[PDB]
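The chain below stands alone and is given in structure tokens; this is the form deposited in one PDB entry.
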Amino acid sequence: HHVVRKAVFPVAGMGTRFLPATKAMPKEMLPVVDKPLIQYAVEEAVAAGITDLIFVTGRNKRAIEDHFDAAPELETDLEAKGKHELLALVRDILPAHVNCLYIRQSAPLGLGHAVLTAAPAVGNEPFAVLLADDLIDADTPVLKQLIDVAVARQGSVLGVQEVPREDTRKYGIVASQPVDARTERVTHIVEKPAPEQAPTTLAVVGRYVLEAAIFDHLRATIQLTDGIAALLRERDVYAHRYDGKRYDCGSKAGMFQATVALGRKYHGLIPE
């Protein structure tokens, strides 16, 4: 009985691909229009049934915690001016059945180290990992799509998307074999292959459902990719081509396209 109720948000990194905006502000707090990247990722997890949110964070990232906590002085200001609609955007941003906890990563030693850092809070359960700089706009939350596959197949699941072959140098690419239309069994993961040498055009994105067996593989490993490759030998790992549109907001170019696209879709904002 596979139950995924915990989601890990690695948010301890330095955000260097987005300077100077991120000199003194977490990349995860940068807004797509009027909402931080981390809020979209959290809402997706909650919408997929996650109840326990685990942030692996750092000294200079208090804004992330403060964003999901009460802000009493602001809530007092809004009540005082009678702006009760705004009060609802701020108060109880998370529903009452969800809880958050935070863990300091010693140093920014990698995504793999960040995942390993969450092990005491996760225990032996399977768990989700979401990278907030991958903003996904989907009719059905992408993490829900991935969890459903992981439960049905009793294995780990990597969210993948089709990319142009000429761009494979930018991603981790799975070598995999189809099992059904959207789901493939992973046999290898290759970091940043040449286009002509890429085994598939399926790039790993920042959405994972992982069995707790991953933790031991990361202690011998610092790269989550290498941990996953080790796991492949013991346990089943699948890739799932999810339905949705990803924007890579780790850099200004994808952030900009997300701003334009969700600007139009959700806000009625159109380039003048």
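In this text, the rigid core denotes the largest set of C-alpha atoms whose superposition between the two forms falls within 1.5 Å. Each residue number is its position in the shown sequence, starting from 1.
In this entry, no coordinate-free residues of the deposited sequence separate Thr51 from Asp52. If you average the C-alpha B-factors over 113-121 and over 79-87, the higher value belongs to 79-87. Looking at mean Cα B-factors across 231-239 and 35-43, the upper value is held by 231-239.
Considering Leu30, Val204, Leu224, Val209 together, the PDB entry gives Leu224 the largest C-alpha B factor. In the deposited coordinates, the residue among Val174, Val129, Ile147, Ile93 with the greatest CA B-factor is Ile93. Placement of the Cα temperature factor of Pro20 within the chain: middle third of the modelled residues, per the deposited record.
Remark: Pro108 belongs to the highest third of its chain, ranked by C-alpha B-factor as recorded. In this PDB entry, the Cα temperature factor of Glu191 sits in the middle third of its chain's modelled residues. Among the modelled residues of its chain, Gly250 has a C-alpha B-factor that falls in the highest third, as given in the PDB entry. Among the modelled residues of its chain, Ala261 has a C-alpha B-factor that falls in the middle third according to the deposited record.
Another form, the form deposited in another entry, is not on view; read the next lines as being about it.
With the rigid core aligned between this form and the one not shown, the listed residues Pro178, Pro95, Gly123, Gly82 include just one Cα displaced by at least 2 Å, namely that of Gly82. Once both forms are overlaid on the rigid core, the distance between the two CA positions of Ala198 between this form and the one not shown is 2 angstroms or more.
Core-superposed comparison between this form and the one not shown: the C-alpha position of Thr168 differs by no less than 2 Å.
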